[PDB]
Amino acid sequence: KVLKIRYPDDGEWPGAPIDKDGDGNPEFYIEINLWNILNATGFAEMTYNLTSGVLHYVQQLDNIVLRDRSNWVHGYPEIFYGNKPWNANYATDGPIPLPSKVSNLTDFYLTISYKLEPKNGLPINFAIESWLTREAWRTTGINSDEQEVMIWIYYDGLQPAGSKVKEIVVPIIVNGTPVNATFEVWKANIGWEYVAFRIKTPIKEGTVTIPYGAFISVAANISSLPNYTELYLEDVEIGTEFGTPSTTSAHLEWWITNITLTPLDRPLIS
């Protein structure tokens, strides 16, 4: 009834599928994803109640030493839908068929209910991201002619990679009320093209719905990549990146109670 993964007990790379009907196709996949920590004292644990659907993350890390300080952040504990292109983990039991080419995909709303509790000023975000790859089912990383798109709906103490490009309006729903929100658009070249959308009014807790194609359309429009609409939207990842190279302790708790992808009857890109 409860799935639990724990670092370092389960190794340096704990993760697991959420497969509530036991049908061998996960609905979501969870990873502690401390991808830039070489060593730390303490623990991180992610637990998922299969009946309530609550995902609860508890992290108490100290003495943190990074694998490569140029990566900046320490990790990105997360839950995702689709095929994460950095490894062989996937989740495809859901209404949106990911991966799909961006030219063939419907737009969709993403709704998340959550609450974040970083401790003592830990730098952090709550970031949704997708990878856009040239092949349909990538599992071995990302090339220079591909894109990473992130959407930050909370942040404290972190800035996206690269340079600020512009600000856009995106109509979103926050705590049941439709609102016009502003996102800063950032672009970088970090081994691949990176585009990030950082909300100007961070939301630390509640229920937020965003229209995914508002973001992908802007990422396509500002892209320097050729043949953008032939890329595959591999996945939708939701997690909290945390830490900086001068962060040595990172205590954080959060909860996610619902994630829903709702198809729209319109193209993803407009």
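Counting begins at 1, following the sequence as shown. Under this definition, the rigid core comprises the largest set of C-alpha atoms superposing within 1.5 Å between the forms.
With every structure aligned by its rigid core, 49-57 is the stretch of 234-242 and 49-57 whose CA positions lie farther away in 4 other deposited structures of this protein.
Once the C-alpha B-factors are averaged per stretch, 75-83 and 92-100 rank with 92-100 first.
When the C-alpha B-factors of 114-122 and 153-161 are averaged, 114-122 comes out higher. The entry lists C-alpha B-factors for 70, 207, 33, 240, and the highest of these is at 70. Across the options 232, 228, 28, 57, the residue with the most elevated CA B-factor in the record is 228. Per the PDB record, residue ranking by Cα B-factor puts residue 37 in the lowest third of the chain. When the CA B factors of the chain's modelled residues are split into thirds, the value for residue 143 lands in the highest one. Looking at the C-alpha B-factors along this chain, the one for residue 195 belongs to the lowest third. Sort the chain's modelled residues by C-alpha temperature factor and residue 170 lands in the middle third, per the entry. In the PDB entry, residue 106 places in the highest third of its chain by CA B-factor.
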